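Each chain, letter by letter, is given below.
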Amino acid sequence: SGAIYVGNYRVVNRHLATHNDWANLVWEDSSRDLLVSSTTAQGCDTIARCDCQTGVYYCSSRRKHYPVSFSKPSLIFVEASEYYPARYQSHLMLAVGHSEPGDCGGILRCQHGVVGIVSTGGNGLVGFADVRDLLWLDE
Ligand SMILES: CCc1ccccc1CC(=O)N1CCC[C@H](C(N)=O)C1
Ligand SMILES: [Zn+2]
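Residues numbered from 1 in each chain as written, not as in the entry; some residues may be left out. Chains lettered and ligands numbered in written order. Heavy atoms only, no water.

1. Details of the site of ligand 1
- In the region of ligand 1, 16 residues are neighbours, and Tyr84, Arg87, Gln89, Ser119 and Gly121 sit closest.
- Note that an oxygen atom of ligand 1 is positioned 3.1 Å from one of the side-chain N or O atoms of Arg87.
- Side-chain polar atom of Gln89 to a nitrogen atom of ligand 1: 3.0 Å apart, as the coordinates give it.
- Relative to its unbound accessible surface of 480 Å², ligand 1 loses 85% to contact with the protein.
- More than half of the atoms belonging to ligand 1 lie within 2 Å of the grid points that define the largest pocket.
- For the shell around ligand 1, the elements supplying multiple residues, two or more each, are β7 (87-96) and β9 (113-122).
- Per element, the largest residue contribution to the shell around ligand 1 is five residues, and it comes from β9. (Near = heavy atom within 4 Å. Polar contact = N/O pair within 3.5 Å; in protein donor to acceptor, adjacent residues only side chain to side chain. Areas by Shrake-Rupley, 256 points an atom, 1.4 Å probe, with all protein chains shown as cover. 1 Å grid on protein atoms, 1.4 Å probe; cavity = no way out; pocket = protein on both sides within 12 Å on 5 of 7 lines; lining within 4 Å. Sits in = over half its atoms within 2 Å of the grid points. Helix = DSSP H or I, 4+ residues; strand = E, 2+ residues; numbered from the N terminus.)

2. So, the domain arrangement of the protein chain
- According to the domain assignment, the protein chain consists of domain 1 (3-44) and domain 2 (45-139).
- Between domain 1 and domain 2, the C-alpha centre-to-centre distance is 16 Å.
- Contact with domain 1, which involves 21 residues of that partner, is made by 26 residues of domain 2.
- Interface area, domain 1 with domain 2, both sides summed: about 1,900 Å², of which 59% is carbon and sulfur.
- Looking only at domain 1, the three residues that lose the most surface to domain 2 are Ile4, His15 and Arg32, adding up to 34% of its buried area.
- Across the domain 1-domain 2 interface, the total number found is one salt bridge.
- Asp133 is paired through a salt bridge with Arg32; the nearest N and O atoms lie 2.8 Å apart. (Domains from an automatic or database assignment. Contact = heavy atoms within 4.5 Å. Buried area = accessible area lost by both parts, 1.4 Å probe. Salt bridge = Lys/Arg side-chain N within 4 Å of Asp/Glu carboxyl O.)

3. Quick word on the sheet that holds strand β3 (residues 34-44)
- Sheet architecture is open: three strands sit in the order β1-β3-β2, paired in antiparallel fashion. What marks the edges here is a single partner per strand, and that holds for β1 (4-13) and β2 (25-29). Put simply, the sheet's adjacent strands are angled 35° from each other on average, direction ignored.
- Taken together, the seven bridges between β1 and β3 define a ladder with antiparallel strand orientation. Residue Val11 lies in a different strand from β3, and its bridge partner there is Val36. (Pairing = 2+ DSSP bridges. Axes fitted to C-alpha atoms, helices over the stretch in contact; angles between N-to-C directions.)

Structure, rendered in structure tokens:
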């Protein structure tokens, strides 16, 4: 579990969105596993606007942060789950690092701010849904 709080927006993994997130829907994209909802209180997370390929992510299944080198956002095949059929997930970045079911929503950050959130994983890998291209989050 986990979310990004920036301005009047809450960014979560689309498959973990609540009834409240859907009732205050701003934008969602199944192909990216992202959903953004509106908030009443101001959020103070800063979004990175960069092309960093190194950062640090929070791994809830270890209660620890880990440094990672990650690939540029791309279209990656993701096996079927209870949430989605087998499909290509876009704007996904892979890294070597621990992740297990339950870790989605952990924040990935570089020196510039929030890069994305955990969205996939498996066999010593972790995948992050990029949010750096969503320029409207800051307005
Ligand atoms: C960190 C998650 C994980 C780690 C290690 C093994 C398995 C998983 C679960 C997994 O990758 N998925 C289930 C939930 C929806 C995800 C999606 N974005 O399509 C895919
Ligand atoms: Zn950066």
